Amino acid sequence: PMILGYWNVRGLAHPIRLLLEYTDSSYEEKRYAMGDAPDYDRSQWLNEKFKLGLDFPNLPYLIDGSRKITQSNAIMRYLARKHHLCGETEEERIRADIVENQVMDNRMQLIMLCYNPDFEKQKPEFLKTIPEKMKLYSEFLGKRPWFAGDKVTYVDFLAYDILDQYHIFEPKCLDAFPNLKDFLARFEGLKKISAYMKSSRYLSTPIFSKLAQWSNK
């Protein structure tokens, strides 16, 4: 099978795990565990980091036969090409490229807030920036079913993840944006996704490691 390797956290592997299920991929995962405070041992990973034949060793990785890939975006693109879930026109490619990169910015922002010792102090200020973030997603989507246009593409897996994560952080953030709420329901309603979400493989939380100040357990 293909092998997906990542920590036993949702983290940034969610979109890949969802895409693996959506495409009926034949895969197995190696979910590495971090030890506890104080050392947060990373040895299960460290002992084989340089022994997998990865060009730039990292997590997540995907082994697919002869192919070995690192960089979550690269894995997502690889699967997208494999299963034809890319933009098909120039307009669709642009929207996808924008979305991919924007999701990563919004991801980092959350991460940066959550790994900050002054979380509680920072939070209030961060919560006020949300509406403006959501409004940009909402206006970009507009009336389309999917972020790139008429067809589900790998970018919808990314958008779903970040919008979902945002919603968990601030449950009311999507109230003024019904098209985003509708997107989340349309995405979760895809058949394989629905099945996966009820399964033993599903890992919706924790989002971060033990180091974080939120969703770290």
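The numbering used is simple: start at 1 and walk along the sequence shown.
Visitor: Is the mean CA B factor in the deposited entry higher across 30-38 or across 161-169?
Guide: It is 30-38 that shows the higher mean C-alpha B-factor.
Visitor: Between 152-160 and 61-69, which has the larger average Cα B-factor in the PDB entry?
Guide: Between 152-160 and 61-69, it is 61-69.
Visitor: Of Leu136, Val103, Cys86, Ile130, which one's C-alpha B factor is largest in the deposited record?
Guide: So the option with the highest C-alpha B-factor is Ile130.
Visitor: Sorting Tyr78, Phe140, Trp146, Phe126 by Cα temperature factor from the record, which one lands on top?
Guide: Of the options given, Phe126 has the highest CA B-factor in the PDB entry.
Visitor: Compare the C-alpha B factor of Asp97 with those of the other modelled residues in its chain, then answer lowest, middle or highest third.
Guide: For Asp97, the deposited C-alpha B-factor lands in the lowest third.
Visitor: Taking the entry's C-alpha B-factors for this chain, is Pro15 in the lowest, middle or highest third?
Guide: Tercile = lowest for this residue's CA B-factor.
Visitor: Which third of the chain does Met2 land in by C-alpha B-factor: lowest, middle or highest?
Guide: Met2: CA B-factor falls in the middle third of its chain.
Visitor: Consider only the C-alpha atoms of the modelled residues in this chain, order them by B-factor as the entry records it, and name the third containing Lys121: lowest, middle or highest.
Guide: Highest third.
Visitor: Could you look up the Cα B-factor of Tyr22 in the entry and say which third of the chain it sits in: lowest, middle or highest?
Guide: Its C-alpha B-factor, which the entry lists for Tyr22, ranks in the lowest third among residues of this chain.
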